[PDB]
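Trainee: Input input.cif, format and content: mmCIF, C-alpha atoms.
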data_my_file
#
loop_
_atom_site.group_PDB
_atom_site.id
_atom_site.type_symbol
_atom_site.label_atom_id
_atom_site.label_comp_id
_atom_site.auth_asym_id
_atom_site.auth_seq_id
_atom_site.Cartn_x
_atom_site.Cartn_y
_atom_site.Cartn_z
ATOM 1 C CA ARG J 25 -10.252 -13.260 -2.870
ATOM 2 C CA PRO J 26 -10.606 -13.166 0.934
ATOM 3 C CA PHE J 27 -10.014 -9.836 2.608
ATOM 4 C CA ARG J 28 -6.618 -9.021 4.139
ATOM 5 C CA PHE J 29 -6.272 -5.779 6.161
ATOM 6 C CA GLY J 30 -3.161 -3.717 6.758
ATOM 7 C CA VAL J 31 -2.143 -0.672 8.736
ATOM 8 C CA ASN J 32 0.694 1.587 7.539
ATOM 9 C CA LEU J 33 2.750 2.384 10.644
ATOM 10 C CA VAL J 34 5.568 4.898 10.742
ATOM 11 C CA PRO J 35 8.458 3.753 12.953
ATOM 12 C CA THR J 36 9.717 7.110 14.189
ATOM 13 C CA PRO J 37 13.203 7.897 15.465
ATOM 14 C CA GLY J 38 13.211 9.272 18.980
ATOM 15 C CA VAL J 39 9.820 7.762 19.857
ATOM 16 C CA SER J 40 9.835 4.737 22.151
ATOM 17 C CA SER J 41 6.467 3.222 21.261
ATOM 18 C CA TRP J 42 7.255 1.045 18.215
ATOM 19 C CA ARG J 43 6.755 -2.407 19.766
ATOM 20 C CA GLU J 44 3.655 -1.232 21.643
ATOM 21 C CA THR J 45 2.149 0.090 18.396
ATOM 22 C CA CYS J 46 2.814 -3.164 16.555
ATOM 23 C CA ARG J 47 1.140 -5.146 19.334
ATOM 24 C CA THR J 48 -1.872 -2.834 19.116
ATOM 25 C CA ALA J 49 -2.127 -3.476 15.380
ATOM 26 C CA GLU J 50 -2.129 -7.234 15.832
ATOM 27 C CA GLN J 51 -4.523 -7.129 18.818
ATOM 28 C CA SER J 52 -6.915 -4.954 16.813
ATOM 29 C CA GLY J 53 -7.190 -7.611 14.100
ATOM 30 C CA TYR J 54 -4.959 -6.358 11.317
ATOM 31 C CA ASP J 55 -3.365 -8.967 9.039
ATOM 32 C CA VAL J 56 -0.422 -6.864 7.875
ATOM 33 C CA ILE J 57 1.823 -4.149 9.294
ATOM 34 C CA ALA J 58 3.244 -1.998 6.498
ATOM 35 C CA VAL J 59 6.229 0.327 6.922
ATOM 36 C CA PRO J 60 7.532 3.087 4.645
ATOM 37 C CA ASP J 61 10.983 3.615 3.123
ATOM 38 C CA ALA J 62 11.894 7.248 3.801
ATOM 39 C CA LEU J 63 14.726 9.330 5.180
ATOM 40 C CA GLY J 64 14.054 10.401 8.732
ATOM 41 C CA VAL J 65 12.011 7.217 9.367
ATOM 42 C CA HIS J 66 13.450 4.095 10.904
ATOM 43 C CA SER J 67 15.104 1.727 8.459
ATOM 44 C CA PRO J 68 12.375 -0.597 7.191
ATOM 45 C CA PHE J 69 13.766 -4.108 7.457
ATOM 46 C CA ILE J 70 15.265 -3.377 10.864
ATOM 47 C CA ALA J 71 11.951 -2.000 12.093
ATOM 48 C CA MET J 72 10.159 -4.992 10.605
ATOM 49 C CA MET J 73 12.419 -7.327 12.614
ATOM 50 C CA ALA J 74 11.488 -5.470 15.792
ATOM 51 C CA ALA J 75 7.826 -5.838 14.860
ATOM 52 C CA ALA J 76 8.204 -9.557 14.143
ATOM 53 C CA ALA J 77 9.733 -10.071 17.594
ATOM 54 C CA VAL J 78 6.574 -8.821 19.364
ATOM 55 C CA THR J 79 3.884 -10.184 17.025
ATOM 56 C CA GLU J 80 2.929 -13.718 16.065
ATOM 57 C CA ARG J 81 0.422 -13.583 13.203
ATOM 58 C CA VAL J 82 0.736 -10.439 11.105
ATOM 59 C CA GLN J 83 2.673 -10.328 7.858
ATOM 60 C CA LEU J 84 5.210 -7.491 7.639
ATOM 61 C CA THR J 85 5.574 -5.485 4.428
ATOM 62 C CA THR J 86 7.431 -2.528 2.969
ATOM 63 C CA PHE J 87 4.923 -0.026 1.505
ATOM 64 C CA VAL J 88 6.805 0.725 -0.607
ATOM 65 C CA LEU J 89 10.604 0.643 -1.065
ATOM 66 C CA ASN J 90 12.079 3.565 -2.968
ATOM 67 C CA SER J 91 13.880 1.692 -5.726
ATOM 68 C CA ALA J 92 16.596 4.367 -5.922
ATOM 69 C CA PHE J 93 17.700 3.435 -2.388
ATOM 70 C CA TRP J 94 18.515 -0.249 -3.031
ATOM 71 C CA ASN J 95 21.165 -2.239 -4.884
ATOM 72 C CA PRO J 96 19.197 -5.206 -6.264
ATOM 73 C CA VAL J 97 21.762 -7.845 -5.267
ATOM 74 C CA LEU J 98 22.054 -6.460 -1.740
ATOM 75 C CA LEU J 99 18.287 -6.079 -1.480
ATOM 76 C CA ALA J 100 17.923 -9.748 -2.468
ATOM 77 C CA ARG J 101 20.299 -10.572 0.377
ATOM 78 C CA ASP J 102 18.101 -8.553 2.774
ATOM 79 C CA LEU J 103 14.914 -10.206 1.537
ATOM 80 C CA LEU J 104 16.274 -13.762 1.874
ATOM 81 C CA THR J 105 17.443 -12.934 5.381
ATOM 82 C CA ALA J 106 14.177 -11.299 6.446
ATOM 83 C CA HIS J 107 12.255 -14.284 5.073
ATOM 84 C CA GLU J 108 14.339 -16.949 6.772
ATOM 85 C CA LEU J 109 14.781 -15.235 10.120
ATOM 86 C CA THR J 110 11.079 -14.402 10.526
ATOM 87 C CA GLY J 111 9.784 -17.781 9.374
ATOM 88 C CA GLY J 112 8.365 -16.424 6.129
ATOM 89 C CA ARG J 113 6.483 -13.394 7.431
ATOM 90 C CA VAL J 114 7.972 -10.644 5.225
ATOM 91 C CA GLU J 115 6.651 -9.188 1.972
ATOM 92 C CA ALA J 116 8.376 -6.543 -0.115
ATOM 93 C CA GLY J 117 6.469 -3.711 -1.754
ATOM 94 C CA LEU J 118 8.490 -1.688 -4.261
ATOM 95 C CA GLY J 119 7.888 1.484 -6.222
ATOM 96 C CA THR J 120 9.533 4.736 -7.389
ATOM 97 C CA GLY J 121 10.181 7.697 -5.064
ATOM 98 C CA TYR J 122 8.389 11.055 -5.470
ATOM 99 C CA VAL J 123 10.472 13.189 -3.062
ATOM 100 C CA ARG J 124 13.484 14.650 -4.918
ATOM 101 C CA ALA J 125 14.881 16.053 -1.701
ATOM 102 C CA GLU J 126 15.498 12.533 -0.428
ATOM 103 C CA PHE J 127 17.419 11.734 -3.611
ATOM 104 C CA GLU J 128 19.500 14.889 -3.130
ATOM 105 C CA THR J 129 20.179 14.224 0.554
ATOM 106 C CA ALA J 130 21.341 10.659 -0.131
ATOM 107 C CA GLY J 131 23.524 11.748 -3.037
ATOM 108 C CA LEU J 132 21.430 9.956 -5.662
ATOM 109 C CA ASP J 133 20.536 11.070 -9.181
ATOM 110 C CA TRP J 134 16.911 12.174 -9.457
ATOM 111 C CA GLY J 135 17.042 11.651 -13.210
ATOM 112 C CA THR J 136 13.725 11.482 -15.063
ATOM 113 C CA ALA J 137 10.469 9.644 -14.496
ATOM 114 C CA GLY J 138 11.765 7.242 -17.138
ATOM 115 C CA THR J 139 15.045 6.516 -15.361
ATOM 116 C CA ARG J 140 13.283 6.139 -12.004
ATOM 117 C CA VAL J 141 10.859 3.564 -13.472
ATOM 118 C CA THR J 142 13.700 1.800 -15.313
ATOM 119 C CA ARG J 143 15.459 1.385 -11.938
ATOM 120 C CA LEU J 144 12.322 -0.287 -10.577
ATOM 121 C CA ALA J 145 12.166 -2.513 -13.649
ATOM 122 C CA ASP J 146 15.805 -3.515 -13.328
ATOM 123 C CA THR J 147 15.400 -4.308 -9.625
ATOM 124 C CA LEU J 148 12.286 -6.429 -10.116
ATOM 125 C CA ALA J 149 13.956 -8.423 -12.889
ATOM 126 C CA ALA J 150 16.990 -9.054 -10.691
ATOM 127 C CA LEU J 151 14.923 -10.081 -7.677
ATOM 128 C CA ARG J 152 12.982 -12.593 -9.763
ATOM 129 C CA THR J 153 16.204 -13.906 -11.318
ATOM 130 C CA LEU J 154 17.636 -14.349 -7.807
ATOM 131 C CA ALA J 155 14.418 -16.220 -6.836
ATOM 132 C CA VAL J 156 13.806 -14.198 -3.701
ATOM 133 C CA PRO J 157 11.284 -16.001 -1.452
ATOM 134 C CA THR J 158 9.436 -12.894 -0.222
ATOM 135 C CA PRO J 159 6.156 -12.082 -1.978
ATOM 136 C CA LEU J 160 6.592 -8.950 -4.092
ATOM 137 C CA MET J 161 4.156 -6.022 -4.263
ATOM 138 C CA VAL J 162 4.471 -3.278 -6.922
ATOM 139 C CA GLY J 163 2.726 0.033 -6.216
ATOM 140 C CA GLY J 164 1.856 2.989 -8.408
ATOM 141 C CA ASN J 165 -0.568 4.204 -11.027
ATOM 142 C CA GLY J 166 1.708 4.803 -14.011
ATOM 143 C CA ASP J 167 1.403 2.793 -17.222
ATOM 144 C CA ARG J 168 4.919 1.385 -17.020
ATOM 145 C CA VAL J 169 4.687 0.690 -13.281
ATOM 146 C CA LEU J 170 1.382 -1.182 -13.628
ATOM 147 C CA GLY J 171 2.904 -3.082 -16.559
ATOM 148 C CA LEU J 172 5.787 -4.085 -14.285
ATOM 149 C CA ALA J 173 3.322 -5.183 -11.596
ATOM 150 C CA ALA J 174 1.486 -7.235 -14.204
ATOM 151 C CA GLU J 175 4.742 -8.912 -15.232
ATOM 152 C CA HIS J 176 6.440 -9.482 -11.863
ATOM 153 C CA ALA J 177 4.246 -8.924 -8.824
ATOM 154 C CA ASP J 178 2.310 -11.160 -6.458
ATOM 155 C CA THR J 179 0.314 -8.071 -5.331
ATOM 156 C CA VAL J 180 -0.417 -4.871 -7.251
ATOM 157 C CA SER J 181 -1.093 -1.730 -5.176
ATOM 158 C CA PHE J 182 -3.241 0.919 -6.866
ATOM 159 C CA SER J 183 -2.715 4.492 -5.660
ATOM 160 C CA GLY J 184 -5.962 6.414 -5.095
ATOM 161 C CA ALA J 185 -4.038 9.705 -5.420
ATOM 162 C CA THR J 186 -1.662 11.635 -7.723
ATOM 163 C CA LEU J 196 -2.613 14.879 -2.790
ATOM 164 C CA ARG J 197 -5.203 14.800 -5.629
ATOM 165 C CA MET J 198 -7.838 12.054 -5.169
ATOM 166 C CA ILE J 199 -8.583 9.894 -8.246
ATOM 167 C CA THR J 200 -12.238 9.219 -9.032
ATOM 168 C CA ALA J 201 -13.772 5.752 -8.970
ATOM 169 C CA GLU J 202 -14.077 6.040 -12.751
ATOM 170 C CA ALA J 203 -10.392 6.746 -13.174
ATOM 171 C CA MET J 204 -9.707 3.815 -10.844
ATOM 172 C CA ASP J 205 -11.907 1.576 -13.048
ATOM 173 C CA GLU J 206 -9.625 2.459 -15.949
ATOM 174 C CA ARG J 207 -6.418 1.812 -14.008
ATOM 175 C CA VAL J 208 -7.607 -1.610 -12.818
ATOM 176 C CA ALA J 209 -8.692 -2.513 -16.368
ATOM 177 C CA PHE J 210 -5.318 -1.350 -17.737
ATOM 178 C CA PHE J 211 -3.524 -3.573 -15.218
ATOM 179 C CA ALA J 212 -5.802 -6.524 -15.983
ATOM 180 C CA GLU J 213 -5.147 -6.249 -19.729
ATOM 181 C CA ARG J 214 -1.354 -6.133 -19.206
ATOM 182 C CA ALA J 215 -1.558 -9.072 -16.763
ATOM 183 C CA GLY J 216 -3.417 -11.235 -19.251
ATOM 184 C CA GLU J 217 -3.429 -14.867 -18.148
ATOM 185 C CA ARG J 218 -1.682 -13.938 -14.881
ATOM 186 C CA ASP J 219 -4.451 -11.543 -13.745
ATOM 187 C CA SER J 220 -6.088 -14.095 -11.481
ATOM 188 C CA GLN J 221 -2.788 -14.781 -9.692
ATOM 189 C CA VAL J 222 -2.176 -11.163 -8.618
ATOM 190 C CA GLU J 223 -3.739 -9.836 -5.437
ATOM 191 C CA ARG J 224 -5.061 -6.298 -5.653
ATOM 192 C CA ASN J 225 -4.349 -3.773 -2.886
ATOM 193 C CA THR J 226 -5.225 -0.180 -2.210
ATOM 194 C CA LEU J 227 -4.514 2.286 0.578
ATOM 195 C CA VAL J 228 -7.443 4.162 2.108
ATOM 196 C CA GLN J 229 -6.218 7.589 3.126
ATOM 197 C CA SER J 230 -9.063 8.561 5.513
ATOM 198 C CA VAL J 231 -11.552 6.546 7.560
ATOM 199 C CA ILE J 232 -14.284 8.987 8.553
ATOM 200 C CA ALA J 233 -16.778 7.735 11.111
ATOM 201 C CA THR J 234 -20.097 9.522 10.799
ATOM 202 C CA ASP J 235 -23.826 8.947 11.128
ATOM 203 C CA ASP J 236 -24.364 11.334 8.165
ATOM 204 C CA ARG J 237 -22.160 10.321 5.199
ATOM 205 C CA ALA J 238 -24.089 12.655 2.859
ATOM 206 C CA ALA J 239 -23.567 15.716 5.029
ATOM 207 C CA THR J 240 -19.921 14.693 5.503
ATOM 208 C CA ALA J 241 -19.254 14.332 1.777
ATOM 209 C CA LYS J 242 -20.918 17.674 1.092
ATOM 210 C CA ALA J 243 -18.654 19.473 3.571
ATOM 211 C CA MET J 244 -15.580 17.661 2.185
ATOM 212 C CA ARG J 245 -16.040 19.334 -1.237
ATOM 213 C CA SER J 246 -14.137 22.195 0.443
ATOM 214 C CA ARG J 247 -10.975 20.012 0.524
ATOM 215 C CA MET J 248 -11.716 18.425 -2.917
ATOM 216 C CA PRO J 249 -13.381 21.232 -4.979
ATOM 217 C CA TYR J 250 -12.792 19.313 -8.221
ATOM 218 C CA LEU J 251 -15.350 16.661 -7.166
ATOM 219 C CA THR J 252 -19.048 16.393 -6.501
ATOM 220 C CA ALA J 253 -20.380 14.952 -3.231
ATOM 221 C CA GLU J 254 -21.454 11.831 -5.128
ATOM 222 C CA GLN J 255 -17.933 11.337 -6.480
ATOM 223 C CA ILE J 256 -16.534 11.841 -2.975
ATOM 224 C CA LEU J 257 -18.714 9.038 -1.671
ATOM 225 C CA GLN J 258 -17.256 6.727 -4.368
ATOM 226 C CA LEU J 259 -13.586 7.653 -3.965
ATOM 227 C CA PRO J 260 -11.613 4.463 -3.238
ATOM 228 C CA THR J 261 -9.226 6.379 -0.975
ATOM 229 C CA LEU J 262 -11.967 7.376 1.490
ATOM 230 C CA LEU J 263 -14.233 5.326 3.753
ATOM 231 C CA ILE J 264 -17.167 7.329 5.163
ATOM 232 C CA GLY J 265 -20.018 6.302 7.439
ATOM 233 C CA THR J 266 -20.745 3.778 10.130
ATOM 234 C CA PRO J 267 -18.701 0.591 10.435
ATOM 235 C CA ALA J 268 -21.567 -1.319 8.812
ATOM 236 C CA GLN J 269 -21.676 1.140 5.917
ATOM 237 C CA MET J 270 -17.903 0.967 5.497
ATOM 238 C CA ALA J 271 -18.005 -2.826 5.503
ATOM 239 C CA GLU J 272 -20.663 -2.750 2.803
ATOM 240 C CA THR J 273 -18.588 -0.261 0.818
ATOM 241 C CA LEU J 274 -15.508 -2.512 0.954
ATOM 242 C CA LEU J 275 -17.601 -5.472 -0.228
ATOM 243 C CA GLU J 276 -18.837 -3.400 -3.157
ATOM 244 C CA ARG J 277 -15.321 -2.227 -3.988
ATOM 245 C CA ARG J 278 -13.967 -5.767 -3.919
ATOM 246 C CA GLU J 279 -16.625 -6.565 -6.541
ATOM 247 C CA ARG J 280 -16.015 -3.402 -8.539
ATOM 248 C CA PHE J 281 -12.226 -3.138 -8.436
ATOM 249 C CA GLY J 282 -11.129 -6.494 -7.065
ATOM 250 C CA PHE J 283 -9.621 -4.778 -3.992
ATOM 251 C CA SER J 284 -9.271 -7.464 -1.312
ATOM 252 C CA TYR J 285 -6.067 -6.221 0.390
ATOM 253 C CA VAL J 286 -7.018 -2.948 2.034
ATOM 254 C CA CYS J 287 -4.663 -0.775 4.077
ATOM 255 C CA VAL J 288 -5.318 2.287 6.235
ATOM 256 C CA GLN J 289 -3.016 4.886 7.743
ATOM 257 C CA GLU J 290 -1.829 4.674 11.394
ATOM 258 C CA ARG J 291 -4.067 7.611 12.444
ATOM 259 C CA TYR J 292 -7.141 5.482 11.591
ATOM 260 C CA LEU J 293 -5.970 2.215 13.159
ATOM 261 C CA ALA J 294 -8.677 2.286 15.819
ATOM 262 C CA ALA J 295 -11.273 3.941 13.563
ATOM 263 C CA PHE J 296 -11.062 1.078 11.065
ATOM 264 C CA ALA J 297 -10.751 -1.801 13.532
ATOM 265 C CA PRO J 298 -14.582 -2.193 13.874
ATOM 266 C CA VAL J 299 -14.782 -2.776 10.092
ATOM 267 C CA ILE J 300 -12.416 -5.718 10.486
ATOM 268 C CA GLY J 301 -14.720 -7.106 13.160
ATOM 269 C CA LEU J 302 -17.631 -7.054 10.745
ATOM 270 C CA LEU J 303 -15.755 -8.456 7.715
#
Show this structure as structure tokens.
Mentor:
Amino acid sequence: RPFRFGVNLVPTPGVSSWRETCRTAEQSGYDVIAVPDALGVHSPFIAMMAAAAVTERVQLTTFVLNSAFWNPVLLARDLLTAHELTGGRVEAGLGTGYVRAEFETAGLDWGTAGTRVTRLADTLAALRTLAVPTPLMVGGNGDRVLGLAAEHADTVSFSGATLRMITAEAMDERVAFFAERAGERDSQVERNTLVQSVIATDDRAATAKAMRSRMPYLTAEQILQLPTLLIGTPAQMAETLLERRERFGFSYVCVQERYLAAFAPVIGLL
């Protein structure tokens, strides 16, 4: 599947640079602007509308909605609106939330991991029943969550962390688990991952060795294979993404805002 590149931008209250940042993302060659769903961050669909007003090509996605925050019928109303009023430029990533304090602040029941995943399941079923027109992305690494992606999603997003970084070998197993659950639908589901750090260096080996300090549970060789890290020159990173599309099927690759400019050269090469 052809590469699609995203940058995960944080629209921040009290900061006046949102539209400028979105323009920079598009001008730097990104295909997608992703926004989070968190307290103390701008509201996602409203921020996506502001981004759509100053960009022409990028898709806009949530990455990812906290399912505890949304009534499925009212979310379907939001998604239909966002789709129609942007000319079909909005995608909706959904998942579970991991910050209990946000549940507490909003007056929502934290419950159990089981009830949080059931809420995601119930929302996805309702959105599909209501035939929402936005493409749906499901993110996580849990067995039930990947099963829900396999059943419902247009795009599955594999987390490269639990932050504890997951090895390439663990990622092999998660992608295979998803693929088995997806069955005949596997080929219709785009695969995404988020790269946490884009580390430009002329000495990847020396860089990985020093990084064992921050990831003592890994060898340097494992660090150089972690799907959540890109290390080296732009040419080396481009080659690494080609290899990881072959290995994992990852064609939709996102990076964090801090690395927007660091990663842009890789887009130029790919």
Trainee: Name all residues at most 10 Å from region 37-46 of chain J (count all atoms listed in the file; drop same-chain ones fewer than 2 positions away) and give them as a list in words.
Mentor: residues 31, 33, 34, 35, 48, 49, 50, 51, 52, 54, 56, 57, 64, 65, 66, 67, 71, 72, 74, 75, 76, 77, 78, 79, 82, 290 and 293 of chain J
Trainee: With distances taken over all atoms listed in the file, which of J:209, J:297, J:222, J:287 is nearest to residue 174 (chain J)?
Mentor: J:222
Trainee: Once the PyMOL selection byres ((chain J and resi 137) around 12) has been evaluated on this model, what residues remain selected, and can you format them as a list in words?
Mentor: residues 92, 119, 120, 121, 122, 123, 124, 133, 134, 135, 136, 138, 139, 140, 141, 142, 143, 144, 166, 167, 168 and 169 of chain J
Trainee: Using all atoms listed in the file, pick whichever of J:239, J:281, J:179, J:160 has the shortest atom-to-atom distance to residue 210 (chain J).
Mentor: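 For residue 210 (chain J), the nearest of the given residues is J:281.
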Trainee: What do you get, as an MDAnalysis selection string, if you spell out every residue that the PyMOL selection byres ((chain J and resi 253) around 12) selects here?
Mentor: chainID J and resid 200 237:252 254:259 264
Trainee: Any chance you could resolve the PyMOL selection byres ((chain J and resi 226-230) around 6) against this file and give the residues as a list in words?
Mentor: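 So the PyMOL selection byres ((chain J and resi 226-230) around 6) ends up selecting residues 181, 182, 225, 231, 261, 262, 286, 287 and 288 of chain J.
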Trainee: Of the residues J:85, J:165, J:284, J:91, which is the one nearest to residue 223 (chain J), using only C-alpha atoms?
Mentor: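 Nearest candidate to residue 223 (chain J) out of J:85, J:165, J:284, J:91: J:284.
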Trainee: Closest to residue 127 (chain J) among J:161, J:89, J:63, J:98, using only C-alpha atoms?
Mentor: J:63
Trainee: What would the list of residues within 10 Å of (12.6, -0.1, -2.7) (file frame) look like as a list in words, if all atoms listed in the file are what count?
Mentor: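 Residues with an atom at most 10 Å from (12.6, -0.1, -2.7): residues 60, 61, 62, 68, 86, 87, 88, 89, 90, 91, 92, 93, 94, 95, 96, 99, 116, 117, 118, 119, 120, 121, 143, 144, 147, 148 and 162 of chain J.
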Trainee: Counting only C-alpha atoms, write as a list in words all protein and nucleic acid residues lying at most 7 Å from (-4.1, -4.3, -11.3) in the file's frame.
Mentor: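 Applying the cut-off with only C-alpha atoms, one gets residues 170, 174, 180, 182, 208, 211, 212 and 224 of chain J.
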Trainee: Considering only C-alpha atoms, can you say which of J:70, J:203, J:173, J:27 comes closest to residue 302 (chain J)?
Mentor: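 For residue 302 (chain J), the nearest of the candidates is J:27.
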Trainee: Mind pulling up the distance from CA of residue 58 (chain J) to CA of residue 301 (chain J)?
Mentor: 19.8 Å
Trainee: In Å, how far is it from CA of residue 145 (chain J) to CA of residue 125 (chain J)?
Mentor: 22.2 Å
Trainee: Which is closest to residue 205 (chain J) among J:280, J:152, J:219, J:130, if we use all atoms listed in the file?
Mentor: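 So, comparing all the options, the nearest one is J:280.
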Trainee: Which value, in Å to one decimal, gives the distance between CA of residue 30 (chain J) and CA of residue 146 (chain J)?
Mentor: 27.6 Å
